[PDB]
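Heads up: the structure comes next, in structure tokens.
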Amino acid sequence: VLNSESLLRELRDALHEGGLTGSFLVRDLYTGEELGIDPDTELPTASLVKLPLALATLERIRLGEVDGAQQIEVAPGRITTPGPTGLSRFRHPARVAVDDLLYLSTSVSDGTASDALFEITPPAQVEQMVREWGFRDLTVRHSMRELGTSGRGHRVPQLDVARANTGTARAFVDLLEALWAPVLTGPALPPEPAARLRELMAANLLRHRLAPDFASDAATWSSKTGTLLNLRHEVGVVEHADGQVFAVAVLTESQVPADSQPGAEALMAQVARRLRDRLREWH
Amino acid sequence: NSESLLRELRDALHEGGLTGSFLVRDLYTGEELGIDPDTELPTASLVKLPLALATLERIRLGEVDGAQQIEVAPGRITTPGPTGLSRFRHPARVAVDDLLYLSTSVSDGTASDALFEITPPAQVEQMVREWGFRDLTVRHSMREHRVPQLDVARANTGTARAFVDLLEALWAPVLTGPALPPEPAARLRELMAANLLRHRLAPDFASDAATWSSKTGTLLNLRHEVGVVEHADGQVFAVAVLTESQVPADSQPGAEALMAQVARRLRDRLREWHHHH
């Protein structure tokens, strides 16, 4: 059995080997114990931004500022290239309620749905609410279709951490902890919006990244993926049948050009799983 | 030849608590390798494939308007599994073309129910039979043996061969070298390419040098996926996997990896024979 210093070295070696850099953090939501690799490195968040958008929207609903039943006439994305989902691929206008736009945006990763929600609650207003709740290191700057590893001043706007929506693994772990706190027993988001976001994350349809390594008959996995250019992320919470609960955040960028990298997915998933397993084995 | 490979894959399936119908076919050469490819199983969400085809043919004929806006009652489902309109809380208005996307690519049961109101199960089955497809039954919609859904007498059924034959016909218009209407076929290949449920066979078939277009089916202890892999070098294989598990757990990503590995190894053997024999 490896010691934890040796394990982290093995994991970093494995990531380097597979052409991946990024930000990993796993935390036992009960004890606060955690294990990570570069957990405070800021990367563009791609579709992970849909999480704080959902929470802001849900809070505005609780507040009576937004009506979840409000029917919105949404123009089709008409996108025919690979990747975007839901209304983004529609050919014709659709009419969808705000509550159901939240489902499409958060669970189906539908950027056209997300953009409809951003019209209601703009990026700067989402960010303000996130900051007011005390969340640091999550930026919300632009909607889904506004806009050499990522970096400050990047030529590619979506890879420029000064312009793009960004975050760190730690920022997402802190968010997930706050979302799950109302159901964590034993010795501060409003509980109704938190419960609704947990439900949306459980209903996530994109289960091809970390979910094969985290979901089982004895574990539930609720998560949000993000994929754009050479970015592949996923943040989520695994709930074990024995009651253990871990938040997991993976943000990666690949030095391999190919969009389709199932081996990279398997690798980042194995890394996250080994981090969780070490904490789970930890006395 | 491949007797050894087939025993090895049958062993793996037995050990993993899976039985079913597997078939992989090289769409150019016609060579195929299977495990019980003629065994009838309930098809679950796979029925959305013939439904889409039948609908798309009706659009071509002017019988159905892809632009027609449908007012859809929400599924209001909160338990795990169903997707799209099935999980909506409120009514929504969606065009036929976009219900085809939801049903086929998102596996949305409520969207497929709306499509079945337009082109009902027996009409789909009739259209499929008239095109010459056998061993695909279409009897009920999503929201319609001692378990009803596992009863091959009542349920929508199919065999791996049935699906492989359907996939072959859908891809035929783009297969070069020495019959479905091409527009409906093209639209369905596109819907299949846009499938979102990429957690089953997709990790084993999609790569930088291979595209994977498919449809999954999941119900009770049934776990299926049928699809086509297109290699960067021009090879094309149709893949059909229909399984039922003896293990009662709904969540079995090990079973999913197992069935994907079986299908991939069948393809690999055909790909090797194509290249090297």
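Scheme for the structure tokens: letters A, B, ... for chains in order shown; per-chain residue numbers from 1; ligand numbers from 1 in order shown.
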Select all residues from chain B having any atom no more than 6 Å from an atom of chain A (counting only C-alpha atoms, ignoring ligands), output as a list in words.
residues 88, 92, 93, 94, 98, 198, 199, 203, 207, 208, 249, 251, 252 and 253 of chain B
Could you dump the residues just selected with N, CA and C atoms as a PDB file, in the first residue's frame?
```
ATOM      1  N   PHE B  88     -40.358  17.079 -17.082  1.00  0.00           N
ATOM      2  CA  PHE B  88     -40.951  18.444 -17.021  1.00  0.00           C
ATOM      3  C   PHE B  88     -42.031  18.570 -15.945  1.00  0.00           C
ATOM      4  N   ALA B  92     -45.369  22.088 -22.260  1.00  0.00           N
ATOM      5  CA  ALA B  92     -44.405  22.674 -23.161  1.00  0.00           C
ATOM      6  C   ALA B  92     -44.937  22.529 -24.583  1.00  0.00           C
ATOM      7  N   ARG B  93     -44.462  23.389 -25.479  1.00  0.00           N
ATOM      8  CA  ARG B  93     -44.873  23.362 -26.869  1.00  0.00           C
ATOM      9  C   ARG B  93     -43.635  23.134 -27.725  1.00  0.00           C
ATOM     10  N   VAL B  94     -43.654  22.051 -28.503  1.00  0.00           N
ATOM     11  CA  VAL B  94     -42.455  21.542 -29.192  1.00  0.00           C
ATOM     12  C   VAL B  94     -42.920  21.028 -30.551  1.00  0.00           C
ATOM     13  N   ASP B  98     -38.501  18.458 -33.473  1.00  0.00           N
ATOM     14  CA  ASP B  98     -37.784  18.572 -32.211  1.00  0.00           C
ATOM     15  C   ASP B  98     -38.189  17.476 -31.201  1.00  0.00           C
ATOM     16  N   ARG B 198     -24.152   8.304 -23.511  1.00  0.00           N
ATOM     17  CA  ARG B 198     -22.892   7.804 -24.073  1.00  0.00           C
ATOM     18  C   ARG B 198     -22.072   7.088 -22.985  1.00  0.00           C
ATOM     19  N   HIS B 199     -22.787   6.478 -22.062  1.00  0.00           N
ATOM     20  CA  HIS B 199     -22.168   5.865 -20.891  1.00  0.00           C
ATOM     21  C   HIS B 199     -22.051   4.350 -21.007  1.00  0.00           C
ATOM     22  N   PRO B 203     -18.011   4.650 -24.603  1.00  0.00           N
ATOM     23  CA  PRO B 203     -16.607   4.777 -24.206  1.00  0.00           C
ATOM     24  C   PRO B 203     -15.666   3.774 -24.884  1.00  0.00           C
ATOM     25  N   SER B 207     -13.666   7.281 -30.512  1.00  0.00           N
ATOM     26  CA  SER B 207     -12.280   7.690 -30.343  1.00  0.00           C
ATOM     27  C   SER B 207     -11.970   8.769 -31.354  1.00  0.00           C
ATOM     28  N   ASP B 208     -10.722   9.238 -31.359  1.00  0.00           N
ATOM     29  CA  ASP B 208     -10.313  10.250 -32.308  1.00  0.00           C
ATOM     30  C   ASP B 208     -10.386   9.673 -33.723  1.00  0.00           C
ATOM     31  N   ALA B 249     -29.824  -5.394  -9.232  1.00  0.00           N
ATOM     32  CA  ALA B 249     -29.452  -3.979  -9.044  1.00  0.00           C
ATOM     33  C   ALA B 249     -29.643  -3.125 -10.301  1.00  0.00           C
ATOM     34  N   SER B 251     -28.391  -0.145 -10.881  1.00  0.00           N
ATOM     35  CA  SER B 251     -27.105   0.472 -11.199  1.00  0.00           C
ATOM     36  C   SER B 251     -25.955  -0.547 -11.329  1.00  0.00           C
ATOM     37  N   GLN B 252     -25.580  -0.901 -12.565  1.00  0.00           N
ATOM     38  CA  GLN B 252     -24.477  -1.857 -12.760  1.00  0.00           C
ATOM     39  C   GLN B 252     -23.514  -1.371 -13.828  1.00  0.00           C
ATOM     40  N   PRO B 253     -22.649  -0.407 -13.468  1.00  0.00           N
ATOM     41  CA  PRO B 253     -21.733   0.080 -14.496  1.00  0.00           C
ATOM     42  C   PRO B 253     -20.701  -0.972 -14.911  1.00  0.00           C
TER      43      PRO B 253
END
```
Near stretch 271-281 of chain A, within 7 Å and counting only C-alpha atoms, which residues show up once chain neighbours fewer than 4 positions away are dropped, as a list in words?
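The residues satisfying every condition are residues 11, 26, 35, 213 and 267 of chain A.
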Spatial neighbours of residue A:228, 9 Å, only C-alpha atoms, chain gap at least 2 places, as a list in words
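Final neighbour list, sorted by chain and number: residues 45, 46, 47, 83, 158, 226, 230, 231, 232 and 259 of chain A.
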Pull C-alpha atoms from the residues just selected and write them as a compact mmCIF listing (two decimals), in the first residue's frame.
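Result written to part_16.txt:
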```
# COMPACT_ATOMS: atom_id res chain seq x y z
CA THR A 45 -15.41 26.24 -16.34
CA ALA A 46 -17.37 25.72 -19.56
CA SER A 47 -20.71 24.09 -18.70
CA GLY A 83 -21.59 18.82 -28.62
CA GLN A 158 -12.77 30.69 -24.02
CA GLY A 226 -18.27 20.51 -18.68
CA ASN A 230 -9.58 20.73 -24.69
CA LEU A 231 -11.41 21.19 -21.38
CA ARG A 232 -13.07 18.18 -19.66
CA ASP A 259 -11.98 16.07 -29.12
```
Just want the 8 Å neighbourhood of residue A:50, counted on only C-alpha atoms, with same-chain residues fewer than 6 positions away dropped. Output as a list in words.
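Returned residues: residues 105, 106, 109 and 114 of chain A.
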Env of residue B:83: 8 Å cut, atoms = only C-alpha atoms, seq-sep filter 6 positions within chain, self excluded. Answer as an MDAnalysis selection string.
(chainID A and resid 205) or (chainID B and resid 106:109)
Write a file of the just-selected residues containing N, CA and C atoms, as an mmCIF file, in the first residue's frame.
```cif
data_model
loop_
_atom_site.group_PDB
_atom_site.id
_atom_site.type_symbol
_atom_site.label_atom_id
_atom_site.label_comp_id
_atom_site.auth_asym_id
_atom_site.auth_seq_id
_atom_site.Cartn_x
_atom_site.Cartn_y
_atom_site.Cartn_z
ATOM 1 N N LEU A 205 -27.803 13.796 -17.268
ATOM 2 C CA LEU A 205 -27.862 12.746 -18.292
ATOM 3 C C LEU A 205 -26.481 12.371 -18.821
ATOM 4 N N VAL B 106 -32.353 11.981 -27.036
ATOM 5 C CA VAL B 106 -32.376 12.183 -25.582
ATOM 6 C C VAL B 106 -33.119 11.020 -24.871
ATOM 7 N N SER B 107 -33.717 10.124 -25.668
ATOM 8 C CA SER B 107 -34.483 8.970 -25.142
ATOM 9 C C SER B 107 -35.691 9.358 -24.254
ATOM 10 N N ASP B 108 -36.338 10.454 -24.627
ATOM 11 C CA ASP B 108 -37.415 11.086 -23.901
ATOM 12 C C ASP B 108 -38.717 10.319 -24.172
ATOM 13 N N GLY B 109 -39.178 9.610 -23.148
ATOM 14 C CA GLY B 109 -40.371 8.768 -23.210
ATOM 15 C C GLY B 109 -41.636 9.542 -23.496
#
```
Can you check which residues of stretch 32-278 of chain A DSSP gives as alpha helix (DSSP H) on the backbone and send them as a ChimeraX atom specification?
/A:50-62,98-107,111-120,123-132,169-180,191-202,211-214,262-278
Compile the contact shell of residue A:160 as a PyMOL selection string: residues with an atom at most 8 Å away, counting only C-alpha atoms, same-chain residues fewer than 4 positions apart removed.
chain A and resi 44+150-156+164
Prev. selection, N, CA and C atoms, output as a PDB file, in the first residue's frame:
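Output file result_23.pdb is given in full below:
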```pdb
ATOM      1  N   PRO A  44     -11.025  27.845 -17.001  1.00  0.00           N
ATOM      2  CA  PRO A  44     -12.333  28.149 -17.572  1.00  0.00           C
ATOM      3  C   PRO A  44     -13.240  26.954 -17.284  1.00  0.00           C
ATOM      4  N   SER A 150      -4.803  26.967 -21.089  1.00  0.00           N
ATOM      5  CA  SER A 150      -5.501  28.174 -20.637  1.00  0.00           C
ATOM      6  C   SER A 150      -4.591  29.039 -19.765  1.00  0.00           C
ATOM      7  N   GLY A 151      -4.889  30.319 -19.720  1.00  0.00           N
ATOM      8  CA  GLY A 151      -4.038  31.274 -19.034  1.00  0.00           C
ATOM      9  C   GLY A 151      -4.542  32.694 -19.169  1.00  0.00           C
ATOM     10  N   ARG A 152      -3.937  33.601 -18.393  1.00  0.00           N
ATOM     11  CA  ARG A 152      -4.411  34.987 -18.318  1.00  0.00           C
ATOM     12  C   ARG A 152      -3.926  35.714 -19.557  1.00  0.00           C
ATOM     13  N   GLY A 153      -4.877  36.141 -20.390  1.00  0.00           N
ATOM     14  CA  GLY A 153      -4.592  36.841 -21.647  1.00  0.00           C
ATOM     15  C   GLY A 153      -4.583  35.901 -22.840  1.00  0.00           C
ATOM     16  N   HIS A 154      -5.110  34.689 -22.664  1.00  0.00           N
ATOM     17  CA  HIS A 154      -5.111  33.728 -23.776  1.00  0.00           C
ATOM     18  C   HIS A 154      -5.727  34.325 -25.058  1.00  0.00           C
ATOM     19  N   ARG A 155      -5.098  34.044 -26.199  1.00  0.00           N
ATOM     20  CA  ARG A 155      -5.600  34.450 -27.516  1.00  0.00           C
ATOM     21  C   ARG A 155      -7.022  33.933 -27.762  1.00  0.00           C
ATOM     22  N   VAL A 156      -7.291  32.702 -27.333  1.00  0.00           N
ATOM     23  CA  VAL A 156      -8.623  32.095 -27.455  1.00  0.00           C
ATOM     24  C   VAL A 156      -9.458  32.543 -26.259  1.00  0.00           C
ATOM     25  N   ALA A 164     -13.109  34.428 -19.505  1.00  0.00           N
ATOM     26  CA  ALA A 164     -14.023  33.294 -19.457  1.00  0.00           C
ATOM     27  C   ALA A 164     -14.592  33.097 -18.070  1.00  0.00           C
TER      28      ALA A 164
END
```
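Taking atom CA of residue B:55 as the reference point, atom CA of residue B:134 is found at 18.6 Å.
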With a distance cut-off of 8 Å and only C-alpha atoms, select the neighbouring residues of residue B:75, excluding the residue or stretch itself and same-chain residues fewer than 4 positions from it, and output the selection as an MDAnalysis selection string.
chainID B and resid 85:89 110
Can I get the selection written as a PDB file, in the first residue's frame, with N, CA, C and O atoms?
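Writing done, so here's again-v4.pdb:
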```pdb
ATOM      1  N   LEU B  85     -38.931  15.713 -21.619  1.00  0.00           N
ATOM      2  CA  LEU B  85     -40.329  16.049 -21.281  1.00  0.00           C
ATOM      3  C   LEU B  85     -40.909  15.157 -20.172  1.00  0.00           C
ATOM      4  O   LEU B  85     -41.796  15.550 -19.426  1.00  0.00           O
ATOM      5  N   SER B  86     -40.349  13.960 -20.033  1.00  0.00           N
ATOM      6  CA  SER B  86     -40.786  13.016 -19.009  1.00  0.00           C
ATOM      7  C   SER B  86     -40.634  13.616 -17.607  1.00  0.00           C
ATOM      8  O   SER B  86     -41.402  13.278 -16.725  1.00  0.00           O
ATOM      9  N   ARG B  87     -39.622  14.470 -17.427  1.00  0.00           N
ATOM     10  CA  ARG B  87     -39.275  15.099 -16.131  1.00  0.00           C
ATOM     11  C   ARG B  87     -39.773  16.546 -16.008  1.00  0.00           C
ATOM     12  O   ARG B  87     -39.596  17.172 -14.961  1.00  0.00           O
ATOM     13  N   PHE B  88     -40.358  17.079 -17.082  1.00  0.00           N
ATOM     14  CA  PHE B  88     -40.951  18.444 -17.021  1.00  0.00           C
ATOM     15  C   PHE B  88     -42.031  18.570 -15.945  1.00  0.00           C
ATOM     16  O   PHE B  88     -42.732  17.607 -15.666  1.00  0.00           O
ATOM     17  N   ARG B  89     -42.175  19.756 -15.360  1.00  0.00           N
ATOM     18  CA  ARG B  89     -43.193  20.025 -14.339  1.00  0.00           C
ATOM     19  C   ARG B  89     -44.392  20.689 -14.998  1.00  0.00           C
ATOM     20  O   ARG B  89     -45.499  20.651 -14.472  1.00  0.00           O
ATOM     21  N   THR B 110     -41.758  10.711 -22.888  1.00  0.00           N
ATOM     22  CA  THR B 110     -42.922  11.570 -23.131  1.00  0.00           C
ATOM     23  C   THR B 110     -42.954  12.095 -24.571  1.00  0.00           C
ATOM     24  O   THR B 110     -44.033  12.155 -25.197  1.00  0.00           O
TER      25      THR B 110
END
```
